[PDB]
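Below is one structure; the comments refer to it alone.
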Amino acid sequence: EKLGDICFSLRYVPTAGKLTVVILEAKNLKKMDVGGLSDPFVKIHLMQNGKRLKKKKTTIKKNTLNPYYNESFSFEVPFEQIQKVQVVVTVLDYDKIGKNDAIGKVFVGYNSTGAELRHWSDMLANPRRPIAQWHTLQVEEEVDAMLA
Ligand SMILES: [Ca+2]
Ligand SMILES: [Ca+2]
Ligand SMILES: [Cl-]
Ligand SMILES: [Cl-]
Ligand SMILES: [Cl-]
Ligand SMILES: [Cl-]
């Protein structure tokens with residue numbers, strides 16, 4: 001059972017120092033509820049050098065492995081700093097009681113690789129243009145080890 005995939009857009013406006021992330025949809029999420037599906041929501045963190053700088057989150061979708069969000073988030077990152085940050089996208093299962101367990105996550109930006117680096121590079125190369133791309137979710141343990 002794969003963890004799932006997430007589709008989001010990135011847009012960077014260098015003059016304004018405006019970094020926009022639109023969480024579009026996730027698919028094929030791992031089932032997190034016993035005898036059910038999942039109740040997924042998404043967190044978006046701006047990081048640098050192992051520090052959480054800013055945190056944003058989507059609404060919760062109930063009883064789905066294939067949630068649509070279409071929710072936009074913006075961060076202030078000046079052009080002198082944009083190459084030095086990470087944007088971390090985490091899908092979690094909401095439970096009314098207990099910690100919300102991460103399904104999986106990915107990050108783009110400084111120290112990203114593969115399709116994550118490709119997405120970030122495309123954003124940087126195309127100022128003011130939103131670029132949507134799919135990403136495979138990865139186990140929290142591994143991504144956090146990269147980010148710490
Ligand atoms: Ca659960
Ligand atoms: Ca749940
Ligand atoms: Cl909600
Ligand atoms: Cl708990
Ligand atoms: Cl939480
Ligand atoms: Cl894609």
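Observations on the model:
- Being among the hydrophobic types (A, V, I, L, M, F, W, C), touching a helix residue (DSSP H, G or I) at 6+ places or on another chain (Cβ under 7 Å) and away from ligand 6 (no atom under 16 Å from the Cβ) holds for only one residue in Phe75, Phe107, and it is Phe107.
- Enumeration of residues in segment 88-121 that are charged (D, E, K, R) and in contact with a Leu (Cβ under 8 Å, 6 or more places away or on another chain): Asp101, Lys105
- Qualifying residue in segment 83-90 (condition: in contact (Cβ under 8 Å) with a residue 60 or more places away in the chain, within 16 Å of ligand 6 (Cβ to nearest atom), surrounded by 14 or more Cβ atoms within 10 Å (Cβ to Cβ) and within 27 Å of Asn126 (Cβ to Cβ)): yes
- Candidates are the residues of segment 94-105 that are crowded, with 22+ Cβ neighbours inside 10 Å and in contact (Cβ under 8 Å) with a residue 60 or more places away in the chain; the one that is nearest to ligand 3 (Cβ to nearest atom) is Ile103.
- Matching residues in segment 65-102 - criterion: being touching a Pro at 6+ places or on another chain (Cβ under 7 Å) and away from ligand 4 (no atom under 16 Å from the Cβ): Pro67, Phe79, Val91
- Segment 1-24, subset among the aliphatic types (A, V, I, L, M) and assigned to a loop (DSSP other than H, G, I, E, B), residue surrounded by the fewest Cβ atoms within 10 Å (Cβ to Cβ): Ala16
- Across segment 41-48, not a single residue is classified as loosely packed, with under 13 Cβ neighbours inside 10 Å, closer than 27 Å to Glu1 by Cβ and touching a residue at least 24 places away in the same chain (Cβ under 8 Å).
- Across segment 25-54, the number of residues qualifying as charged (D, E, K, R) and assigned to a loop (DSSP other than H, G, I, E, B) comes to 4.
- Candidate set: segment 76-117, residues that are part of a helix (DSSP H, G or I) and over 28 Å from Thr64 (Cβ atoms); chosen: the one farthest from ligand 2 (Cβ to nearest atom): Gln83
- Taken over segment 55-75, residues that are surrounded by fewer than 15 Cβ atoms within 10 Å (Cβ to Cβ), of a type in the set (D, E, K, R) and in a strand (DSSP E or B) amount to 1.
- All positions within segment 61-93 that are over 20 Å from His135 (Cα atoms) and within 16 Å of ligand 3 (Cβ to nearest atom): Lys62, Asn63
- Residues in segment 110-136 that are free of Cβ contacts under 8 Å to residues at least 60 places away in the same chain and of a type outside the set (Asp, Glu): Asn111, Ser112, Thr113, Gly114, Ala115, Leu117, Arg118, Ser121, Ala125, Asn126.
Here Cβ is always computed from backbone atoms with ideal geometry, including for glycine, and neighbour counts include all displayed protein chains. Where a number appears in this text, it was derived from the coordinates with a stated rule and is not lab data.
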